[PDB]
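K.L.:
Pasting in a structure now, in structure tokens, and then I'll have a few things to ask.
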Amino acid sequence: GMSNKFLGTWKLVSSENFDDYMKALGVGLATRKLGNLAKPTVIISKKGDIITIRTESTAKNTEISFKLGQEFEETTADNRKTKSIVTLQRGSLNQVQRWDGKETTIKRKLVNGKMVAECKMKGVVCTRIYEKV
Ligand SMILES: CCCCCCCCCCCCCCCC(=O)O
């Protein structure tokens with residue numbers, strides 16, 4: 001299952017191309033400004049087979065809980081209401097969100113003790129790097 005090394009609190013330390021990823025998602029300028037400045041924490045926890053990923057920032061807080069492989073409804077930081085599924089593939093937590101005939105993917109993997117989130121929307125790619133607090 002998910003490596004226990006995912007568990008704990010992560011702090012954003014670097015990000016590339018997040019503005020364009022937000023643009024692709026239909027996020028407006030005022031909110032993109034927050035997104036490009038914010039350095040959120042991401043808290044990952046688990047109870048039984050339920051994984052929880054909480055994101056905390058002044059910009060916005062979000063929280064999802066899920067079982068691997070099972071679709072759930074999600075409200076995203078930019079207020080999209082999506083049908084989402086997270087699966088584990090070769091160590092990576094692969095989140096797919098679907099809404100309005102659109103889809104985006106966020107893959108989270110552990111690389112060199114960091115958590116690397118790779119986000120893709122119609123060919124626009126960003127990467128966000130987190131360090132463990
Ligand atoms: C919490 C991020 C900053 C808030 C900006 C408002 C919402 C726009 C961004 C929507 C998608 C966020 C995906 C984040 C992926 C990650 O966990 O690094």
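Identifiers in this document derive from the order of the structure tokens: chains are assigned A, B, ..., residues are numbered from 1 separately in each chain, and ligands are numbered from 1 in order of occurrence.
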Could you pull out all residues of region 17-81 of chain A with a DSSP call of strand (DSSP E) and give them as a ChimeraX atom specification?
P.N.:
/A:41-47,50-56,62-66,72-75,81
K.L.:
Go ahead and dump the residues you just picked, N, CA, C and O atoms, as a short mmCIF file (atom, residue, chain, number, x, y, z; two decimals), in the first residue's frame.
P.N.:
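Below is the file that was written, again-v3.cif:
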```
data_model
loop_
_atom_site.label_atom_id
_atom_site.label_comp_id
_atom_site.auth_asym_id
_atom_site.auth_seq_id
_atom_site.Cartn_x
_atom_site.Cartn_y
_atom_site.Cartn_z
N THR A 41 1.36 23.98 3.45
CA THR A 41 1.71 22.70 4.03
C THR A 41 0.69 21.66 3.58
O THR A 41 -0.50 21.97 3.35
N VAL A 42 1.16 20.43 3.44
CA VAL A 42 0.30 19.33 3.07
C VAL A 42 0.49 18.27 4.14
O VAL A 42 1.61 17.84 4.40
N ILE A 43 -0.61 17.87 4.77
CA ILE A 43 -0.57 16.91 5.87
C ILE A 43 -1.23 15.62 5.41
O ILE A 43 -2.40 15.62 5.04
N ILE A 44 -0.48 14.53 5.46
CA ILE A 44 -0.97 13.23 5.01
C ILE A 44 -1.08 12.31 6.21
O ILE A 44 -0.14 12.17 6.99
N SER A 45 -2.25 11.69 6.37
CA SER A 45 -2.51 10.81 7.50
C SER A 45 -3.34 9.65 7.02
O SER A 45 -3.82 9.64 5.90
N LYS A 46 -3.49 8.66 7.89
CA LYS A 46 -4.20 7.43 7.54
C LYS A 46 -4.87 6.81 8.76
O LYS A 46 -4.29 6.81 9.84
N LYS A 47 -6.10 6.32 8.57
CA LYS A 47 -6.82 5.52 9.58
C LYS A 47 -7.39 4.35 8.81
O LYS A 47 -8.20 4.54 7.92
N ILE A 50 -8.37 4.44 4.97
CA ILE A 50 -8.73 5.78 4.55
C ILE A 50 -7.51 6.68 4.70
O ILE A 50 -6.98 6.86 5.80
N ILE A 51 -7.09 7.26 3.58
CA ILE A 51 -5.97 8.19 3.52
C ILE A 51 -6.57 9.59 3.47
O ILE A 51 -7.56 9.82 2.78
N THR A 52 -5.98 10.52 4.23
CA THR A 52 -6.43 11.90 4.25
C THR A 52 -5.28 12.82 3.85
O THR A 52 -4.15 12.65 4.33
N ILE A 53 -5.58 13.75 2.97
CA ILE A 53 -4.60 14.75 2.53
C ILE A 53 -5.21 16.11 2.77
O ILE A 53 -6.20 16.48 2.14
N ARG A 54 -4.67 16.81 3.77
CA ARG A 54 -5.10 18.16 4.10
C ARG A 54 -4.08 19.17 3.61
O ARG A 54 -2.90 18.97 3.80
N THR A 55 -4.55 20.25 2.99
CA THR A 55 -3.68 21.35 2.52
C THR A 55 -4.06 22.60 3.29
O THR A 55 -5.24 22.95 3.39
N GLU A 56 -3.06 23.21 3.91
CA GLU A 56 -3.25 24.42 4.70
C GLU A 56 -2.44 25.58 4.15
O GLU A 56 -1.21 25.49 4.00
N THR A 62 -7.78 22.92 1.98
CA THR A 62 -8.58 21.84 1.40
C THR A 62 -8.33 20.57 2.20
O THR A 62 -7.34 20.44 2.90
N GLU A 63 -9.26 19.62 2.11
CA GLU A 63 -9.06 18.30 2.69
C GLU A 63 -9.81 17.27 1.88
O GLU A 63 -10.99 17.45 1.58
N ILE A 64 -9.11 16.20 1.52
CA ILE A 64 -9.74 15.03 0.94
C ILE A 64 -9.43 13.80 1.77
O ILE A 64 -8.36 13.66 2.35
N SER A 65 -10.40 12.90 1.82
CA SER A 65 -10.21 11.56 2.37
C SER A 65 -10.67 10.56 1.31
O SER A 65 -11.66 10.79 0.62
N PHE A 66 -9.97 9.44 1.21
CA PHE A 66 -10.26 8.48 0.15
C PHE A 66 -9.74 7.11 0.51
O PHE A 66 -8.85 6.94 1.33
N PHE A 72 -14.55 9.24 -5.36
CA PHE A 72 -15.13 10.10 -4.34
C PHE A 72 -15.39 11.49 -4.90
O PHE A 72 -14.78 11.90 -5.90
N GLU A 73 -16.29 12.23 -4.27
CA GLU A 73 -16.50 13.61 -4.67
C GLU A 73 -15.55 14.53 -3.91
O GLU A 73 -15.29 14.36 -2.73
N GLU A 74 -15.05 15.53 -4.63
CA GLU A 74 -14.01 16.43 -4.13
C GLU A 74 -14.40 17.88 -4.44
O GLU A 74 -14.99 18.15 -5.49
N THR A 75 -14.12 18.79 -3.51
CA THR A 75 -14.16 20.23 -3.79
C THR A 75 -12.72 20.74 -3.75
O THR A 75 -12.06 20.64 -2.73
N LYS A 81 -16.02 21.23 -8.35
CA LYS A 81 -16.65 20.04 -7.76
C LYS A 81 -16.36 18.87 -8.71
O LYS A 81 -16.93 18.79 -9.80
#
```
K.L.:
Could you give me, as number ranges by chain, every polymer residue with an atom at most 7 Å away from an atom of ligand 1, counting only C-alpha atoms and all ligand atoms?
P.N.:
A: 22, 27, 31-32, 34-35, 38, 40, 42, 55-57, 59-61, 76-78, 106, 117, 119, 128
K.L.:
Please, could you write that set of residues out with N, CA and C atoms as a short mmCIF file (atom, residue, chain, number, x, y, z; two decimals), in the first residue's frame?
P.N.:
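What follows is the written file result_15.cif:
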```cif
data_model
loop_
_atom_site.label_atom_id
_atom_site.label_comp_id
_atom_site.auth_asym_id
_atom_site.auth_seq_id
_atom_site.Cartn_x
_atom_site.Cartn_y
_atom_site.Cartn_z
N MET A 22 -2.72 26.55 -13.20
CA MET A 22 -3.93 27.21 -12.75
C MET A 22 -4.71 27.83 -13.90
N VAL A 27 -8.63 29.04 -13.45
CA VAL A 27 -8.48 29.93 -12.29
C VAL A 27 -8.23 31.36 -12.72
N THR A 31 -7.06 34.86 -7.86
CA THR A 31 -6.75 33.63 -7.14
C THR A 31 -5.37 33.09 -7.55
N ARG A 32 -5.00 33.26 -8.82
CA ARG A 32 -3.68 32.82 -9.25
C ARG A 32 -2.62 33.58 -8.48
N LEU A 34 -2.63 34.55 -5.41
CA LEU A 34 -2.48 33.86 -4.13
C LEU A 34 -1.73 32.55 -4.34
N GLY A 35 -2.13 31.80 -5.36
CA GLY A 35 -1.52 30.51 -5.63
C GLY A 35 -0.04 30.58 -5.93
N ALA A 38 1.69 31.59 -2.37
CA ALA A 38 1.50 30.73 -1.20
C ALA A 38 2.53 29.61 -1.14
N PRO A 40 2.12 26.38 0.78
CA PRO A 40 1.26 25.60 1.69
C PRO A 40 2.00 24.47 2.39
N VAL A 42 1.16 20.43 3.44
CA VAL A 42 0.30 19.33 3.07
C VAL A 42 0.49 18.27 4.14
N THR A 55 -4.55 20.25 2.99
CA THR A 55 -3.68 21.35 2.52
C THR A 55 -4.06 22.60 3.29
N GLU A 56 -3.06 23.21 3.91
CA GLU A 56 -3.25 24.42 4.70
C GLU A 56 -2.44 25.58 4.15
N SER A 57 -3.14 26.68 3.90
CA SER A 57 -2.48 27.94 3.55
C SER A 57 -3.48 29.07 3.75
N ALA A 59 -4.02 31.26 1.60
CA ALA A 59 -4.66 31.27 0.29
C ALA A 59 -5.93 30.43 0.30
N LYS A 60 -5.81 29.19 0.77
CA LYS A 60 -6.95 28.27 0.82
C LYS A 60 -6.59 27.00 1.60
N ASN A 61 -7.55 26.47 2.35
CA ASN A 61 -7.42 25.14 2.94
C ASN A 61 -8.28 24.14 2.16
N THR A 76 -12.24 21.27 -4.86
CA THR A 76 -10.82 21.59 -4.99
C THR A 76 -10.55 23.00 -4.44
N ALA A 77 -9.28 23.37 -4.35
CA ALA A 77 -8.92 24.68 -3.79
C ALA A 77 -9.51 25.85 -4.59
N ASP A 78 -9.71 25.64 -5.88
CA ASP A 78 -10.28 26.66 -6.76
C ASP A 78 -11.79 26.46 -6.93
N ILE A 106 -2.80 14.64 -10.74
CA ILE A 106 -1.78 15.07 -9.80
C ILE A 106 -1.15 13.81 -9.28
N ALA A 117 5.09 16.61 -6.40
CA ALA A 117 3.75 16.56 -6.96
C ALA A 117 3.84 17.05 -8.40
N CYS A 119 1.66 17.91 -11.72
CA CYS A 119 0.28 18.20 -12.09
C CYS A 119 0.17 18.46 -13.58
N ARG A 128 5.74 20.54 -8.17
CA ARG A 128 5.81 21.21 -6.88
C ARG A 128 6.60 20.29 -5.96
#
```
K.L.:
Measure the distance from CA of residue 25 (chain A) to CA of residue 90 (chain A) in Å and round it to one decimal.
P.N.:
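If I compute the distance from CA of residue 25 (chain A) to CA of residue 90 (chain A), I get 26.9 Å.
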K.L.:
Which polymer residues have any atom within 9 Å of an atom of residue 17 (chain A), counting only C-alpha atoms, with same-chain residues fewer than 3 positions away left out, as a list in words?
P.N.:
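Residues near the query, excluding close chain neighbours: residues 20, 21, 22, 124, 125, 126, 127 and 128 of chain A.
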K.L.:
Between CA of residue 105 (chain A) and CA of residue 12 (chain A), what is the spacing in Å?
P.N.:
18.6 Å
K.L.:
Nearest residue to residue 104 (chain A) out of A:37, A:24, A:30, A:88, using only C-alpha atoms?
P.N.:
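Looking only at the distances to residue 104 (chain A), the closest residue turns out to be A:24.
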K.L.:
Between A:97, A:114, A:48, A:1, which is the closest to residue 71 (chain A) once you count only C-alpha atoms?
P.N.:
A:97
K.L.:
List every residue of region 22-97 of chain A that DSSP, applied to the backbone, labels as helix (DSSP H, G or I), and write the result as a ChimeraX atom specification.
P.N.:
/A:22-25,29-37
K.L.:
Could those residues be written to a file, using N, CA, C and O atoms, as a PDB file, in the first residue's frame?
P.N.:
```pdb
ATOM      1  N   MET A  22      -2.716  26.549 -13.198  1.00  0.00           N
ATOM      2  CA  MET A  22      -3.934  27.206 -12.748  1.00  0.00           C
ATOM      3  C   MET A  22      -4.707  27.833 -13.902  1.00  0.00           C
ATOM      4  O   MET A  22      -5.941  27.793 -13.915  1.00  0.00           O
ATOM      5  N   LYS A  23      -4.015  28.448 -14.856  1.00  0.00           N
ATOM      6  CA  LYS A  23      -4.726  29.031 -16.002  1.00  0.00           C
ATOM      7  C   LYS A  23      -5.505  27.960 -16.751  1.00  0.00           C
ATOM      8  O   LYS A  23      -6.677  28.148 -17.097  1.00  0.00           O
ATOM      9  N   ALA A  24      -4.845  26.831 -16.995  1.00  0.00           N
ATOM     10  CA  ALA A  24      -5.473  25.716 -17.704  1.00  0.00           C
ATOM     11  C   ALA A  24      -6.718  25.205 -16.980  1.00  0.00           C
ATOM     12  O   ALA A  24      -7.649  24.721 -17.619  1.00  0.00           O
ATOM     13  N   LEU A  25      -6.734  25.345 -15.660  1.00  0.00           N
ATOM     14  CA  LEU A  25      -7.853  24.893 -14.839  1.00  0.00           C
ATOM     15  C   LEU A  25      -8.974  25.911 -14.838  1.00  0.00           C
ATOM     16  O   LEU A  25     -10.051  25.637 -14.321  1.00  0.00           O
ATOM     17  N   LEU A  29      -7.298  35.563 -12.271  1.00  0.00           N
ATOM     18  CA  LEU A  29      -6.047  36.222 -11.875  1.00  0.00           C
ATOM     19  C   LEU A  29      -5.935  36.451 -10.372  1.00  0.00           C
ATOM     20  O   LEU A  29      -4.890  36.193  -9.779  1.00  0.00           O
ATOM     21  N   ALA A  30      -7.004  36.929  -9.744  1.00  0.00           N
ATOM     22  CA  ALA A  30      -6.918  37.237  -8.318  1.00  0.00           C
ATOM     23  C   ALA A  30      -6.500  36.003  -7.510  1.00  0.00           C
ATOM     24  O   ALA A  30      -5.679  36.088  -6.583  1.00  0.00           O
ATOM     25  N   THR A  31      -7.056  34.855  -7.863  1.00  0.00           N
ATOM     26  CA  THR A  31      -6.746  33.631  -7.142  1.00  0.00           C
ATOM     27  C   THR A  31      -5.373  33.089  -7.550  1.00  0.00           C
ATOM     28  O   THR A  31      -4.649  32.530  -6.720  1.00  0.00           O
ATOM     29  N   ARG A  32      -5.001  33.255  -8.818  1.00  0.00           N
ATOM     30  CA  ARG A  32      -3.683  32.824  -9.249  1.00  0.00           C
ATOM     31  C   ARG A  32      -2.617  33.582  -8.476  1.00  0.00           C
ATOM     32  O   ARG A  32      -1.591  33.007  -8.115  1.00  0.00           O
ATOM     33  N   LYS A  33      -2.856  34.862  -8.200  1.00  0.00           N
ATOM     34  CA  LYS A  33      -1.854  35.637  -7.457  1.00  0.00           C
ATOM     35  C   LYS A  33      -1.574  34.998  -6.087  1.00  0.00           C
ATOM     36  O   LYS A  33      -0.426  34.891  -5.673  1.00  0.00           O
ATOM     37  N   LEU A  34      -2.627  34.552  -5.406  1.00  0.00           N
ATOM     38  CA  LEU A  34      -2.477  33.859  -4.126  1.00  0.00           C
ATOM     39  C   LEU A  34      -1.725  32.552  -4.338  1.00  0.00           C
ATOM     40  O   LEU A  34      -0.795  32.227  -3.590  1.00  0.00           O
ATOM     41  N   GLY A  35      -2.132  31.798  -5.357  1.00  0.00           N
ATOM     42  CA  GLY A  35      -1.520  30.511  -5.630  1.00  0.00           C
ATOM     43  C   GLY A  35      -0.037  30.575  -5.926  1.00  0.00           C
ATOM     44  O   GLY A  35       0.733  29.686  -5.577  1.00  0.00           O
ATOM     45  N   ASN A  36       0.376  31.645  -6.597  1.00  0.00           N
ATOM     46  CA  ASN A  36       1.779  31.802  -6.962  1.00  0.00           C
ATOM     47  C   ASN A  36       2.659  32.285  -5.793  1.00  0.00           C
ATOM     48  O   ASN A  36       3.865  32.063  -5.787  1.00  0.00           O
ATOM     49  N   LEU A  37       2.061  32.943  -4.812  1.00  0.00           N
ATOM     50  CA  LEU A  37       2.790  33.371  -3.619  1.00  0.00           C
ATOM     51  C   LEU A  37       2.796  32.313  -2.513  1.00  0.00           C
ATOM     52  O   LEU A  37       3.764  32.188  -1.769  1.00  0.00           O
TER      53      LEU A  37
END
```
K.L.:
Restricting the calculation to only C-alpha atoms: of A:133, A:79, A:103, A:109, which residue gets closest to residue 91 (chain A)?
P.N.:
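Using only C-alpha atoms, residue 91 (chain A) sits closest to A:109.
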K.L.:
To one decimal place in Å, what is the distance between CA of residue 15 (chain A) and CA of residue 82 (chain A)?
P.N.:
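About the pair CA of residue 15 (chain A) and CA of residue 82 (chain A): they are 23.8 Å apart.
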